[PDB]
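Just so it is clear, A, B, C, D, E, F, G and H label the chains in written order, and each chain counts residues from 1 on its own.
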Amino acid sequence: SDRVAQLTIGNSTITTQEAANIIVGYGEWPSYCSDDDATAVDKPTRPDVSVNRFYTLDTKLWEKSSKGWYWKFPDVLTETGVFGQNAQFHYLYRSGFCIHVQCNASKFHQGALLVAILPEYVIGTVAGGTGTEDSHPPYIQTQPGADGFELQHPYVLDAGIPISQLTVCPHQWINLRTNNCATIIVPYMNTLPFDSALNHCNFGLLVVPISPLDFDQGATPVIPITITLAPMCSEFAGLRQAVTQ
Amino acid sequence: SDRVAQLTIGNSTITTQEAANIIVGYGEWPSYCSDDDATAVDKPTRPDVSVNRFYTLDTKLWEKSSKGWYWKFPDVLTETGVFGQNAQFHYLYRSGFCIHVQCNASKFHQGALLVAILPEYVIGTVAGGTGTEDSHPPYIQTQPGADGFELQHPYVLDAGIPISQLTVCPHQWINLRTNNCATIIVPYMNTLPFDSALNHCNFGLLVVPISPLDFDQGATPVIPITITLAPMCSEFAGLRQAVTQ
Amino acid sequence: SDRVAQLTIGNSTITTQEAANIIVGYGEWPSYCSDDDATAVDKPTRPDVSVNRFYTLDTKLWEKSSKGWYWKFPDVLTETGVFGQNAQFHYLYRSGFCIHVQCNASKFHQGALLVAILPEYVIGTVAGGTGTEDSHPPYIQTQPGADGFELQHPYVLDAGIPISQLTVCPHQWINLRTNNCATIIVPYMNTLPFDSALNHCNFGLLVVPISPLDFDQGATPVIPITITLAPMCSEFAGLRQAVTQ
Amino acid sequence: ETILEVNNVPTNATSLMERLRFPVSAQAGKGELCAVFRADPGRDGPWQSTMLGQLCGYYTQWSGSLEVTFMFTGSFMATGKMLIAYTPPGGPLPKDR
Amino acid sequence: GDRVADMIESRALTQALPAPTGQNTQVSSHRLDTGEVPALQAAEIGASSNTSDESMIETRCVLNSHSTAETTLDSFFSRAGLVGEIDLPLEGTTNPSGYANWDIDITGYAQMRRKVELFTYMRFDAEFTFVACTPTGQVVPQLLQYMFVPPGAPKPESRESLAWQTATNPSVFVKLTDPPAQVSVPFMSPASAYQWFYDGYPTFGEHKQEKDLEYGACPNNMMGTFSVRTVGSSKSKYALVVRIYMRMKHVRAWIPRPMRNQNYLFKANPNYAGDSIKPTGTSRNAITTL
Amino acid sequence: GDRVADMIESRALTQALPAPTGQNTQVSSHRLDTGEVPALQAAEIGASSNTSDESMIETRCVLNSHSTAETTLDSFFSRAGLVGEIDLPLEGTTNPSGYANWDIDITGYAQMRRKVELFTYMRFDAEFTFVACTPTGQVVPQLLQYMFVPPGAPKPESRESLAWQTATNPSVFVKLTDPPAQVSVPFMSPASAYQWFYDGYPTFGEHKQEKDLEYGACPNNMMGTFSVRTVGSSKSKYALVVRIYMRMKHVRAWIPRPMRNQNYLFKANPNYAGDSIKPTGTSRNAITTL
Amino acid sequence: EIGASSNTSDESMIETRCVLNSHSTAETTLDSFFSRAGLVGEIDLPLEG
Amino acid sequence: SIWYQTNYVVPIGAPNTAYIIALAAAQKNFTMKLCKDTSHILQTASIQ
């Protein structure tokens, strides 16, 4: 009654029969902006079906020597579907997300992942190596899009913060002896109630193998990791022509 | 709701998630000596935490050609901890026992054990082979202590009684396809309500592989058997200086 | 009705028929730790008979030129009996003490003693004689055990405090024309409600002849002083393996 | 709950992710020591990675019981039993199980 | 006088139901039902299986009136079995002077010993009977004195001794023309049950090889010495045997245990033949035949 | 769930009466009475004698209105005594670079130490005051930073260190033209009382001669380090002293003990001079004179 | 792997006593952790430089 | 201290070396007091 689930929203459902449990980030569901909070005076659009779908984005192969990946949300979906068309026309934006990452393996493979969220995941550099040149990260390390980006130094998460206490932020583990998926429901976290969808990326989805993959030779050596996400309770405002960046 | 358990008493707990069930020996829990039964007229000591602990004693390796082992209780614990200090100071003694024997294996290993109790397990010898010389067993075969002792002829249990009807006495099986542990709760069985802890050994824990261990070569060849026991409702009387034997 | 007494606790009693009176140190009996005071969250052991006994420890001969002795409690009983076994297994400890010191003499001998308690009796040295070298006392002067230790300079009690105002602390006199024993009941005095029994010695029993022994030659020249003590309301916590020091 | 680094042995920059987890393996024997660590969040050691041990770095004195959770990340069909023993103070590093 | 809440807070699972007859078999029918299965048990629990007849086969209403009174302990043990034999020969080595001290150990013959070794602790009254005769079988006009020597009483050392005055010991004077002397004996042990098995030593101290003779010897079971002499100053002119039969009554037995399958070799120890460990049953050449 | 009667059956003698003034003396007369004697006490009981004035001498009615408020612990201890002195000289050996770490041990001066060593356990709040000046006495326009380093915080190692940023430590910035900086300090110890005497060792293990330095050192009493620097990157042009005065308030003291009579020699140990044990009083040539 | 901190208490792991915990949690609030004046800026106004 | 109680048994085809991740937190009776500055100072030079 906990191992088996089904998440239907929009026209797309996903079934899982070896889940762990759904955690709701910071204990509350995504919701619409109340009139106590809103400052924009134009009526928002709320598509309510066409953008609240599980978008399956990409597939990272996980071998025995991987480091970890990250996806900046919502810039994984400003190139995809009716979410990517409404977020490019409209200046303002708010939504929550239901984030579901699948990674199946046999009952002989082993290894654990820490799929975790963290809001305002800013990216530092190696500062020129020795630490004296103020190098800023490029635009693709900042906002990789639906392609994702691989961590260089996952012990410090490319930001000088340790991964050992990433477990404070909303997370759950995918260890291949127990579960194969990890649902994380995230509300809209930001100070101001709407923001731009092209500039500001509210959070980043860190997916790091902490305990590495291991399997005896003869088993299937290709163990993919696919993340599917669904913008919940999304609404846009401030209509103008299409910007792409 | 039966496969998973937890036995906490004292400051030590043991968890098991592939148990069979707890059997209570002869249908009753260990209890204190009532004033209808007691004959000693000094007030007993009852330590109630410091001696009601799961003492993990030893580790017998079980290979494909083993015979069986036995431990004489309570002489496995007259050398260990605050039980071994209270039983050496005090002449009288009574307690029950919660006896938990672990033996894990993979889902490819096979084999079954008969971990059984029997009260007043007296030990015979081979009578000089042909059966004409009255040989008595030595002190180490009689009371091996926490080291245990291996059975010579397990079909007759070194006492001329067959193991085929050992299943009368309180027992349960560890077959490695179903369970990995076997809890046996034993009350205090003896005629007189207290007795000496150094001379009289109330019962013996026979642990005999009946169906032998078997596994194809490549699996883990070291399959240990560890027994943990907890004196429940123990009380001592008759304080004097320390005897060791 | 005051000269004759009997102190039975545990399985051991002592009779006295020329006592003075029992004084209770600081006006209160030893008691168990209430739940307003306790901070440890494991259930304490309370042996209640096996450790609340009058342990007769040693015998100091008192001649005409003695200085005085001291015993650090409870380190006189961390080598003796079931108290010495429970205090070596358990980290925490609290108890009171009933301290009874016997010294009989004839009706022609004379002399007086000041058997007194004092809590936190720390020991200084002679500072290298002239008083310029920071010498610390050795471990045997600090904690002599059941053997006791003889005072070097009893006028300053080896601590720079005069014996003339030791009479503030709980005490009573053994002058050989009136009494032959001195019962001092001491509660548990320490800041924190339990402490270690191997490191911290709560108080010291100073037994100093102030008025010296005197007798004409022909009388019995051997006048012993034996101290017997009984831990009252003792309880231990924090079970681990045996430390001895 | 927050990742305590019991395996605080490796130090070079290419193997700092080795610290977060410590190995178990098929022993050929009886009761071997897997890992041992100090159980106090103030002392320099394993507890400096957890947020219990770094918010306690701002406070001089702490109290209360504290929990340690061990997640086994092996395969499905690999079983075993581990003994996780907390020794109270005074008692030294234990020599056998 | 406490403020703590730890001290102020500081039983059988089975009920003996009356069962005079074996239980009836109620009518069952077929069942085609998932979910519940009465056949598939778990024998690794260590419980005997509670599967009945009705949930395995279609049965009829059988009113079982078969009594279970023959199988009680008072009907299984109250049969006088041979537990001792005392020889009083005319000339020989074994008791040549017409007295014999037979210490009461009823584990000397393997039919009474085999039954009472099924249980560990037994508490019972007994009535002993002393059938005495010449070794050829015939009865002779000879007077005998049996007497019971408790632990501590003086053992009689000869026929014409002083301990046969029986000032406080119980004694029986029967001649052989009479019927066999039958006396009842109470439960005399200091413990609450005669334990047939005492895994332990009676005395403290170091336990070397010279004093392993005490192993298994409990003083709560050895209840004295039974002495018998031919009443007279002269020697009697008849060789004698005295067979001792005892039946147990008012029996309470505790803690069953496996029944002996190897031959008995000695008294008061379970020593068995080492090279001659025989199987507990008969055998056959193959398993797929009969 | 017990049938035993042993487990189911399993406090101060003195009452604090209010006494604002010393007690009155009621009128007594003579008494010529046998049987009862108020003079003859028994000092071997170990009790102070309860003999009053009235039962030794004919007294008058004296209404004693002498208050006992000056002798309470809050009036005996709430006086600011010198417990520390910190030197910040221009050039020298002892702190030549304008910082000083003085760990808070108030047993360094023998007037405040002598009073608070009367009691064993004391629990108190304190208000420290830091009177700072040039060694000639005059005040100079110099800015100082005091900061309190608890056990575990980084000790500042220089004047221009990073630990002087005081992100969480409490710190006081006062210049010497100002009045003395006075801050109040709570009861900070982990134990329930600052014990002035700890007969024991803090750590376990064997106790050899090399680590007898820990004897008498309790961690519940050492409460950190008080650090002071002249605020600036350059060196200050004024030699400085900082005298620290503390008075105790909200005082609770337990377990009195004899007051020191030998000279103090070191901090945190009662070591005394061995050849120079002086008597606790003055002396006279004979006992029968004055 | 749920991603929840464990709700196992003291009482269901070890035999415990009644401890009335009166240890206050007021020092750990945000208004007591942050209301300390820390050095956040330094401004130099030198004579010549 | 963490001790093997029986073993770590595997079938053929499973990896014979597994990894345990140790997570740690406090209970609900955990309190702290007397706030101070931390022991590590995360700065060496002037932060530019």
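Heads up, the rule we're going with is that a contact is a pair of C-beta atoms (placed from the backbone, for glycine too) under 8 Å apart; a residue touches a chain by one contact, two chains touch by 3 or more.
Participant: Quick check: more C-beta contact pairs at C-G or at E-F?
Facilitator: Answer to which pair has more contacts is C-G.
Participant: Looking at B-F, C-F or C-E, which one is a repeat of the B-E interface (more than half the contact pairs shared)?
Facilitator: The same interface as B-E is formed by C-F.
Participant: Taking each chain's centre as its mean C-alpha position, how far apart are subunit G and subunit H in Å?
Facilitator: Measuring from centre to centre gives 19 Å for this pair.
Participant: For subunit B and subunit H, let me know how many angstrom lie between their CA-based centres, rounded off.
Facilitator: Using C-alpha averages as centres, the distance is 37 Å.
Participant: Would you kindly tell me how far, in whole Å, the mean C-alpha position of subunit H lies from that of subunit A?
Facilitator: That gives a centre separation of 26 Å.
Participant: For subunit A and subunit G, what's the span in angstrom between their mean Cα positions?
Facilitator: Centres of subunit A and subunit G (C-alpha means) sit 30 Å apart.
Participant: Show the residues in subunit D shared as contacts by 2 or more other chains, in ascending order.
Facilitator: In subunit D, residues 1-5, 20-21, 26-27, 31, 50, 54, 57-61, 63-65, 67, 69, 71-75, 77-81, 83, 87, 89-90, 92, 94, 97 touch at least two other chains, as defined above.
Participant: Specify, in ascending order, the residues of subunit A that touch 2 or more different other chains.
Facilitator: Those would be 108, 110, 112, 167, 173, 175, 210-211.
Participant: In subunit F, which residues are in touch with two or more of the other chains?
Facilitator: Counting only residues that touch two or more other chains, subunit F contributes 1, 7, 10-11, 150, 152-153, 166-169, 188, 190, 204.
Participant: Quick one: which bits of subunit E touch subunit G in the complex? Just the residue numbers, please.
Facilitator: Those in contact with subunit G are residues 4-6.
Participant: Tell me, which parts of subunit D touch subunit B in their complex?
Facilitator: Contact set of subunit D toward subunit B: 26-31, 77-81, 83, 97.
Participant: Quick one: which bits of subunit A touch subunit H in the complex? Just the residue numbers, please.
Facilitator: Touching subunit H: residues 108, 110, 112, 134, 167, 210-212, 214-216, 218-219 of subunit A.
Participant: So in the complex, the part of subunit E that touches subunit B is made up of which residues?
Facilitator: Within the complex, subunit E touches subunit B at residues 10-14, 42-47, 120-121, 190-193, 195-209, 212-213, 215-216, 220, 254-266, 269-277, 279-280.
Participant: If we count contacts the way the header does, which residues on subunit D are in touch with subunit F in the complex?
Facilitator: My answer: residues 42, 57-58, 60-61, 89-90, 92.
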